[PDB]
Structures are given as C-alpha cells and as structure tokens.
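Below is the file upload.pdb, which contains PDB, C-alpha atoms.
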```pdb
MODEL        1
ATOM      1  CA  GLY T   1     140.727  81.519  65.408  1.00  0.00           C
ATOM      2  CA  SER T   2     141.898  81.541  61.796  1.00  0.00           C
ATOM      3  CA  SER T   3     145.113  82.888  60.272  1.00  0.00           C
ATOM      4  CA  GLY T   4     147.813  82.177  57.707  1.00  0.00           C
ATOM      5  CA  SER T   5     148.475  83.596  54.248  1.00  0.00           C
ATOM      6  CA  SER T   6     151.109  83.471  51.506  1.00  0.00           C
ATOM      7  CA  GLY T   7     151.537  84.033  47.782  1.00  0.00           C
ATOM      8  CA  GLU T   8     152.059  86.713  45.143  1.00  0.00           C
ATOM      9  CA  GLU T   9     150.360  90.095  45.516  1.00  0.00           C
ATOM     10  CA  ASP T  10     148.848  91.153  42.190  1.00  0.00           C
ATOM     11  CA  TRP T  11     146.715  94.178  41.315  1.00  0.00           C
ATOM     12  CA  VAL T  12     145.239  95.208  37.964  1.00  0.00           C
ATOM     13  CA  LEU T  13     144.302  98.655  39.269  1.00  0.00           C
ATOM     14  CA  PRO T  14     147.953  99.802  39.210  1.00  0.00           C
ATOM     15  CA  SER T  15     148.468  97.763  36.040  1.00  0.00           C
ATOM     16  CA  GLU T  16     145.847  99.647  34.030  1.00  0.00           C
ATOM     17  CA  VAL T  17     146.715 103.109  35.346  1.00  0.00           C
ATOM     18  CA  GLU T  18     150.145 102.795  33.735  1.00  0.00           C
ATOM     19  CA  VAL T  19     148.290 102.615  30.418  1.00  0.00           C
ATOM     20  CA  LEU T  20     145.766 105.339  31.233  1.00  0.00           C
ATOM     21  CA  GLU T  21     148.413 107.883  32.226  1.00  0.00           C
ATOM     22  CA  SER T  22     149.914 107.610  28.741  1.00  0.00           C
ATOM     23  CA  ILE T  23     146.621 109.047  27.491  1.00  0.00           C
ATOM     24  CA  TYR T  24     145.535 111.189  30.439  1.00  0.00           C
ATOM     25  CA  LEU T  25     149.094 112.170  31.355  1.00  0.00           C
ATOM     26  CA  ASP T  26     147.833 115.370  32.977  1.00  0.00           C
ATOM     27  CA  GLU T  27     144.121 115.248  32.157  1.00  0.00           C
ATOM     28  CA  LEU T  28     143.820 112.636  34.906  1.00  0.00           C
ATOM     29  CA  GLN T  29     145.741 112.568  38.188  1.00  0.00           C
ATOM     30  CA  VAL T  30     146.645 109.468  40.198  1.00  0.00           C
ATOM     31  CA  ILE T  31     147.906 109.328  43.782  1.00  0.00           C
ATOM     32  CA  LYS T  32     150.030 106.186  44.068  1.00  0.00           C
ATOM     33  CA  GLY T  33     149.872 104.422  47.422  1.00  0.00           C
ATOM     34  CA  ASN T  34     152.329 101.543  47.135  1.00  0.00           C
ATOM     35  CA  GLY T  35     149.188  99.423  47.016  1.00  0.00           C
ATOM     36  CA  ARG T  36     149.350  99.056  50.791  1.00  0.00           C
ATOM     37  CA  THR T  37     145.812  98.159  51.863  1.00  0.00           C
ATOM     38  CA  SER T  38     145.152 101.798  50.980  1.00  0.00           C
ATOM     39  CA  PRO T  39     142.441 103.086  48.606  1.00  0.00           C
ATOM     40  CA  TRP T  40     143.803 104.807  45.500  1.00  0.00           C
ATOM     41  CA  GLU T  41     142.589 108.267  44.491  1.00  0.00           C
ATOM     42  CA  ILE T  42     142.041 109.622  40.980  1.00  0.00           C
ATOM     43  CA  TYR T  43     140.892 113.085  39.913  1.00  0.00           C
ATOM     44  CA  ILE T  44     139.790 114.514  36.566  1.00  0.00           C
ATOM     45  CA  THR T  45     138.170 117.588  35.019  1.00  0.00           C
ATOM     46  CA  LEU T  46     135.194 117.202  32.681  1.00  0.00           C
ATOM     47  CA  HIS T  47     133.015 119.795  30.949  1.00  0.00           C
ATOM     48  CA  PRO T  48     129.850 119.648  28.801  1.00  0.00           C
ATOM     49  CA  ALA T  49     130.851 120.174  25.170  1.00  0.00           C
ATOM     50  CA  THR T  50     127.209 120.729  24.225  1.00  0.00           C
ATOM     51  CA  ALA T  51     126.388 124.148  25.674  1.00  0.00           C
ATOM     52  CA  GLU T  52     127.586 126.407  22.858  1.00  0.00           C
ATOM     53  CA  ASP T  53     124.599 128.590  21.974  1.00  0.00           C
ATOM     54  CA  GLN T  54     122.508 128.308  25.138  1.00  0.00           C
ATOM     55  CA  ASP T  55     123.303 130.432  28.193  1.00  0.00           C
ATOM     56  CA  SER T  56     125.263 129.587  31.341  1.00  0.00           C
ATOM     57  CA  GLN T  57     127.965 128.035  29.159  1.00  0.00           C
ATOM     58  CA  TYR T  58     129.973 127.982  32.389  1.00  0.00           C
ATOM     59  CA  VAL T  59     129.853 124.603  34.131  1.00  0.00           C
ATOM     60  CA  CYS T  60     132.536 122.214  35.379  1.00  0.00           C
ATOM     61  CA  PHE T  61     133.016 119.512  38.013  1.00  0.00           C
ATOM     62  CA  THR T  62     135.928 117.500  39.405  1.00  0.00           C
ATOM     63  CA  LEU T  63     135.339 113.746  39.249  1.00  0.00           C
ATOM     64  CA  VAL T  64     137.022 111.968  42.161  1.00  0.00           C
ATOM     65  CA  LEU T  65     137.396 108.183  42.165  1.00  0.00           C
ATOM     66  CA  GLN T  66     138.455 106.193  45.228  1.00  0.00           C
ATOM     67  CA  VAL T  67     139.633 102.691  44.325  1.00  0.00           C
ATOM     68  CA  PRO T  68     139.517 100.467  47.436  1.00  0.00           C
ATOM     69  CA  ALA T  69     141.689  97.429  48.152  1.00  0.00           C
ATOM     70  CA  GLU T  70     139.103  94.835  47.124  1.00  0.00           C
ATOM     71  CA  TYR T  71     139.109  96.329  43.627  1.00  0.00           C
ATOM     72  CA  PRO T  72     138.494  95.184  41.138  1.00  0.00           C
ATOM     73  CA  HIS T  73     136.469  92.855  43.362  1.00  0.00           C
ATOM     74  CA  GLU T  74     134.935  96.071  44.692  1.00  0.00           C
ATOM     75  CA  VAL T  75     133.767  99.120  42.740  1.00  0.00           C
ATOM     76  CA  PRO T  76     135.442 102.504  43.359  1.00  0.00           C
ATOM     77  CA  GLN T  77     133.212 104.961  45.217  1.00  0.00           C
ATOM     78  CA  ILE T  78     132.333 107.619  42.644  1.00  0.00           C
ATOM     79  CA  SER T  79     132.265 111.094  44.188  1.00  0.00           C
ATOM     80  CA  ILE T  80     132.088 114.685  42.946  1.00  0.00           C
ATOM     81  CA  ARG T  81     133.889 117.749  44.297  1.00  0.00           C
ATOM     82  CA  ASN T  82     133.505 121.462  43.558  1.00  0.00           C
ATOM     83  CA  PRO T  83     130.260 120.671  41.689  1.00  0.00           C
ATOM     84  CA  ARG T  84     129.783 124.011  39.934  1.00  0.00           C
ATOM     85  CA  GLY T  85     127.431 124.798  37.066  1.00  0.00           C
ATOM     86  CA  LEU T  86     125.514 121.588  37.726  1.00  0.00           C
ATOM     87  CA  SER T  87     122.481 121.403  40.015  1.00  0.00           C
ATOM     88  CA  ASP T  88     121.928 119.064  42.962  1.00  0.00           C
ATOM     89  CA  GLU T  89     119.512 117.059  40.815  1.00  0.00           C
ATOM     90  CA  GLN T  90     122.006 116.784  37.955  1.00  0.00           C
ATOM     91  CA  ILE T  91     124.964 115.951  40.195  1.00  0.00           C
ATOM     92  CA  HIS T  92     123.064 113.010  41.681  1.00  0.00           C
ATOM     93  CA  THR T  93     122.088 111.797  38.211  1.00  0.00           C
ATOM     94  CA  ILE T  94     125.827 111.557  37.566  1.00  0.00           C
ATOM     95  CA  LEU T  95     126.507 109.520  40.705  1.00  0.00           C
ATOM     96  CA  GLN T  96     123.731 107.000  40.064  1.00  0.00           C
ATOM     97  CA  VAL T  97     124.577 106.453  36.396  1.00  0.00           C
ATOM     98  CA  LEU T  98     128.285 105.941  37.066  1.00  0.00           C
ATOM     99  CA  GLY T  99     127.621 103.962  40.231  1.00  0.00           C
ATOM    100  CA  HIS T 100     126.191 101.145  38.125  1.00  0.00           C
ATOM    101  CA  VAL T 101     128.755 101.327  35.320  1.00  0.00           C
ATOM    102  CA  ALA T 102     131.297 100.450  38.008  1.00  0.00           C
ATOM    103  CA  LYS T 103     129.760  97.052  38.760  1.00  0.00           C
ATOM    104  CA  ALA T 104     129.049  96.459  35.071  1.00  0.00           C
ATOM    105  CA  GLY T 105     132.824  96.486  34.725  1.00  0.00           C
ATOM    106  CA  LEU T 106     133.809  94.284  37.658  1.00  0.00           C
ATOM    107  CA  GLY T 107     136.533  91.657  37.417  1.00  0.00           C
ATOM    108  CA  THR T 108     138.659  93.779  35.096  1.00  0.00           C
ATOM    109  CA  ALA T 109     139.825  97.332  34.409  1.00  0.00           C
ATOM    110  CA  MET T 110     136.923  99.766  34.770  1.00  0.00           C
ATOM    111  CA  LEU T 111     138.539 103.134  35.491  1.00  0.00           C
ATOM    112  CA  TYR T 112     138.630 103.620  31.720  1.00  0.00           C
ATOM    113  CA  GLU T 113     134.903 103.076  31.199  1.00  0.00           C
ATOM    114  CA  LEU T 114     133.862 105.190  34.186  1.00  0.00           C
ATOM    115  CA  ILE T 115     135.805 108.171  32.844  1.00  0.00           C
ATOM    116  CA  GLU T 116     134.219 107.744  29.414  1.00  0.00           C
ATOM    117  CA  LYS T 117     130.724 108.239  30.832  1.00  0.00           C
ATOM    118  CA  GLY T 118     131.910 111.272  32.774  1.00  0.00           C
ATOM    119  CA  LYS T 119     131.845 112.994  29.391  1.00  0.00           C
ATOM    120  CA  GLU T 120     128.806 111.521  27.640  1.00  0.00           C
ATOM    121  CA  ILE T 121     126.612 112.403  30.619  1.00  0.00           C
ATOM    122  CA  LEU T 122     127.763 116.028  30.660  1.00  0.00           C
ATOM    123  CA  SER T 123     126.712 116.192  27.008  1.00  0.00           C
ATOM    124  CA  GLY T 124     123.094 115.945  25.902  1.00  0.00           C
ATOM    125  CA  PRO T 125     120.576 116.476  23.079  1.00  0.00           C
ATOM    126  CA  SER T 126     119.987 119.709  21.163  1.00  0.00           C
ATOM    127  CA  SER T 127     117.214 122.017  22.366  1.00  0.00           C
ATOM    128  CA  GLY T 128     116.559 125.716  21.849  1.00  0.00           C
TER
ENDMDL
END
```

For this file, write the structure as structure tokens.
Amino acid sequence: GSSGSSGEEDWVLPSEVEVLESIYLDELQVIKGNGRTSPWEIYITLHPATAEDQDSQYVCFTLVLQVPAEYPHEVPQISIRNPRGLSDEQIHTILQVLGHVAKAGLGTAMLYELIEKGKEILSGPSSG
C-alpha cells in the first residue's frame, strides 16, 4: 500500500522535438500525444546515397521511433516499416546498431543522434 505524488511534469522529449521540426519540418513526422502516459511516434524516410553506379539503385525504408513515457530514462523502441530494397539480414543490422545508440544517448536528447545513424548505415564503402 503506497501512493501519493505531486510536482511539476517535465519532459525533454517534447522539448527537443520543437527544435528538430525546425530542421526536419516535413522530412520527419511527429505525432503529439499531450504527453499523457502515451508513447510518442516519429517517422522518417531515409535512402542510401551510395548506390549510384551499382545496380538495384532502388531501396528505401521508413524508420519508426516509439518514445515511451520513461524516456529519456528509457530508450525508444527502434522499428522499421515497409523495409524495401534492404534484405532481412541488412534490416536487422540496422535495428541492432541503432538499438545501442539509443542507450548511449540516455539522460538527454537522443532522437537527433538516432536519426543521424539512420543515414550513415544506409551508406557504405565503395566496391565495384
């Protein structure tokens, strides 16, 4: 039997987004949720800017981020929808890599970082 709570409700998640939007006005979408014990959702479109000469230049994936309530305390579950162009193996490699980055940026704004990787990963070395 334990209850009782009071104080100011703060949240960096919604504090950073305001800054991100300015940059990713449309590039990135954010579904506000009046920060009511509800996990925020963020979408974005990324493409590999490396495949120029090689074949199958067609490849894109929608990065979906679900920021829970704990956040930043908790890392946003990184998911991928409509994973086209990329293979099961690749897709996973994108979930694992990002997965960590999330924790590496705990305690403060991370959404920014996460997104960054979303690009780097897609891109790779030069081979022909």

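Once the PyMOL selection byres ((chain T and resi 103) around 12) is applied to the shown structure, the selection contains residues 71, 72, 73, 74, 75, 76, 77, 78, 96, 97, 98, 99, 100, 101, 102, 104, 105, 106, 107, 108, 109, 110, 111, 113 and 114 of chain T.
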
Notebook entry, point to check: Any idea what the distance is between atom CA of residue 14 of chain T and atom CA of residue 37 of chain T?
Noted result: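 Computed distance, atom CA of residue 14 of chain T to atom CA of residue 37 of chain T, equals 12.9 Å.
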
Notebook entry, point to check: What is the distance between atom CA of residue 124 of chain T and atom CA of residue 84 of chain T, in Å to one decimal?
Noted result: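 Those two atoms sit 17.5 Å apart.
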
Margin query: Could you tell me how far atom CA of residue 50 of chain T sits from atom CA of residue 93 of chain T, in Å to one decimal place?
Written below: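 Atom CA of residue 93 of chain T sits 17.4 Å away from atom CA of residue 50 of chain T.
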
Next item on the list: Point out the residue among T:1, T:6, T:66, T:86 with the least atom-to-atom distance to residue 48 of chain T, counting all atoms listed in the file.
Entry: T:86

Notebook entry, point to check: So which residues get picked by the PyMOL selection byres ((chain T and resi 127) around 12) here, written as a VMD selection string?
Noted result: chain T and resid 50 to 55 124 to 126 128

Put those residues in a file: C-alpha atoms, as a PDB file, in the frame of the given file.
```pdb
ATOM      1  CA  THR T  50     127.209 120.729  24.225  1.00  0.00           C
ATOM      2  CA  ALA T  51     126.388 124.148  25.674  1.00  0.00           C
ATOM      3  CA  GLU T  52     127.586 126.407  22.858  1.00  0.00           C
ATOM      4  CA  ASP T  53     124.599 128.590  21.974  1.00  0.00           C
ATOM      5  CA  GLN T  54     122.508 128.308  25.138  1.00  0.00           C
ATOM      6  CA  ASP T  55     123.303 130.432  28.193  1.00  0.00           C
ATOM      7  CA  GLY T 124     123.094 115.945  25.902  1.00  0.00           C
ATOM      8  CA  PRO T 125     120.576 116.476  23.079  1.00  0.00           C
ATOM      9  CA  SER T 126     119.987 119.709  21.163  1.00  0.00           C
ATOM     10  CA  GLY T 128     116.559 125.716  21.849  1.00  0.00           C
TER      11      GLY T 128
END
```
